[PDB]
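Listed next as structure tokens is one chain, alone, in the form solved without ligand GDP.
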């Protein structure tokens, strides 16, 4: 059968854990990954004779930033190029959070977008046309009860290979790694911290 990985990605405080715990049925465990030293929650799911591992990556603001979390996410993506990036956006904060999605899109990753808290957003009169957003992005977009339709898009995206994706992704993260390398070099060489 197949073995594939989903990276759950978005900005912080976006309901990511809850969706994660639902998707992995509460049975996620912590684990150590190559390229990073922090521990991450992941859970494995059997679908027929196929397996998918879902990893909850910490919320971040800029894919090309240098906070600890952003470095973690970038190193994880570089070293463990997931088969699908599942990007969770907060429907109520859509204007602020689109930037992360678009940055990920620029890597040419395989992406599905879940617009979370769609009801609460309606209460502020916020309406999103999923179909039009989807056609502009050329990425599937689902509003969360929408769960079933999302799952359908998730499993669909896992059935096909993405030849050359890993090399595209690594390439597009290069300018950030050059900066990290400069930083280590300069600090090691020119700065003493107690």
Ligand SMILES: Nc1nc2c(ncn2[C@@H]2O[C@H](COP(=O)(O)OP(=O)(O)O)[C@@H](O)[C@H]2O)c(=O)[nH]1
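Positions refer to the first chain, counted from 1. In this text, the rigid core denotes the largest set of C-alpha atoms whose superposition between the two forms falls within 1.5 Å.
The form solved in complex with ligand GDP is left out here; the points below concern that form.
Listed residues 117, 94, 112, 73 were compared with ligand GDP in the entry with it bound; 117 is the one with a heavy atom within 4.5 Å. Contact annotation: residue 11 falls within 4.5 Å of ligand GDP in the entry with it bound, judged by heavy atom distances. Contact annotation: residue 17 falls within 4.5 Å of ligand GDP in the entry with it bound, judged by heavy atom distances. Once you line up the core between this form and the one not shown, the CA of 28 is the only one from 153, 63, 28, 139 that shifts by 2 Å or more.
If you fit the rigid core between this form and the one not shown, you'll see the Cα of residue 47 move by 2 angstroms or more.
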